[PDB]
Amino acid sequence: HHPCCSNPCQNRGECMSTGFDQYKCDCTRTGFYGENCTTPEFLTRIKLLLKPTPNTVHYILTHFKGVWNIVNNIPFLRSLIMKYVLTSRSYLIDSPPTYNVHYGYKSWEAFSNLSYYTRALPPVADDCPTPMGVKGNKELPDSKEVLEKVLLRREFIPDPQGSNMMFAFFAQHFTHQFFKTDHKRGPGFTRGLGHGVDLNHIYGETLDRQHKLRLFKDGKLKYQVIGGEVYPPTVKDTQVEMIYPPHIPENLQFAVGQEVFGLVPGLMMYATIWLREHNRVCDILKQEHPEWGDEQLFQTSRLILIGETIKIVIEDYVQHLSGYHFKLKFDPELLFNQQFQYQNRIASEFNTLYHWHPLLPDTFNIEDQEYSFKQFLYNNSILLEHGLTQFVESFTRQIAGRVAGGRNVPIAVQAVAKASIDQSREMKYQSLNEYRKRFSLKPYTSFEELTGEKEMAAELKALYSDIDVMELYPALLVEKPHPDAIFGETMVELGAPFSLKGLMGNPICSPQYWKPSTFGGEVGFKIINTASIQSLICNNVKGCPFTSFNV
């Protein structure tokens, strides 16, 4: 078998076979040496003695509310802290990207082929004696048994952090610009070739699709007016291909950037809000620049919406998830005297960890109605009937499920949760503990340490035998959550660096783009710098209902 099956190299050292039975570890720039790169260099000793744990940094940020109140009101210090938040997470992600599902070693093919998701850890070799390498049993536990024992929802568990349905649907809408698995090719492949926040879910992935969605007047996107309200145009009008069941009538087949957004009225809500926003920004730009043509109005509006999106994701969305008392800041300038790569490649593990189906409720509560999954799926009538104002009011009110803590996956989507495990295995993911070490965390020594609890730990020990063969995805869903939090430590420590890179990596955050002239001057720049989830809703939804990401 492959000599590297046992994952012998530690601390980011690269394994390489040196014969049928032998390996070598490349220890370059890791700060360690020896056969397995475990012997610390002197300066590394001093850094390991000094640097605080992830769980210490997290306490400070989630406590001392009174001190953060001082810090948040002093611009110099807020900037300084935000700088730290950005740069600490930096060295964790390979940029330029490295491995993918087919390449456990660097190659030009892996670098150059954008159809692949990248990989934070190489896949387990095809010939390894166990699924995880050398440890554990010959087969992993049946995914069905794993799902049923510790993942599936008994009683609904509300998110103690107070996440609402505006948050769950925003998460779904936002992330589906860059998680677009190409099922024709396989789970390690993506159709999101821009690899980040390019708003293709509004504008289309291809220029052909963008042009069918565009009005070609005033920079705008096509739309229709139903009962005085602006909604996306139809499939029959744009000739834009969308995914709908056969029985969905012509008038209810809305056409938007991302082919799947007719699945859920929650997604169509956000699709409508953002289409309105784009056309709203066109109106503003036209006032500032009566001399501009359609193409410049369109392109400039797009850039402004990319900035709004990054702004919102950091300052409302990430802010809410973090539970930090410190006020996060979207300021590209903080990175201007740092080493940082303005480029991104979406990691497969970023997709996997983002399978937050526990967020979904048992029913979808809009006004006085309580819709089942059967009723909610593919029903845009629900949207037209109630209206966007009622959708926002209702979803702002309705609490989401806890993600970590185990047993919170709604039964309606059990097939989807099983697929994340199966697909995880098909893509040959390494173990939870391998991923924890890759992200500077101590491996878990037992299932009890992982769950924080006794009953689930025992199911898992009976299923997996060894903690070092526990899989990443189920673990994220069963993990001991932070105190009163939606997530546990592994989700946060893996998620945040991937997030930082997708957000700050965007070319609009680079010095040559981050100028008022890129956005049509000071007014356009200001739209970016004052954007929020509330203003997005307020500016585009009748009656300006109150909103946020918590109940």
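Position 1 is the first residue in the sequence shown; the rest follow in order.
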Task: 122 to 130 versus 304 to 312 - greater average Cα B-factor per the deposited record - done: 122 to 130
Open item on the list: Quick check: 160 to 168 versus 442 to 450, which has the larger average CA B-factor in the record?
Closed with: 442 to 450
Open item on the list: By the CA temperature factor listed in this entry, which of these ranks top: 223, 99, 270, 91?
Closed with: 91
Open item on the list: Comparing recorded Cα B-factors across 206, 296, 375, 115, which one is largest?
Closed with: 375
- [ ] Using the B-factor values recorded in the entry, state whether the Cα atom of residue 74 falls in the lowest, middle or highest third among the modelled residues of its chain.
- [x] highest
- [ ] Ordered by C-alpha B-factor within the chain, which third holds residue 39? Give me lowest, middle or highest, please.
- [x] highest
Task: B-factor third for the C-alpha atom of residue 518 within its chain - done: lowest
Open item on the list: Using the temperature factors of the C-alpha atoms in this entry, rank residue 54 within its chain: lowest, middle or highest third.
Closed with: highest
Task: CA B-factor ranking of residue 66, expressed as a third of its chain - done: highest
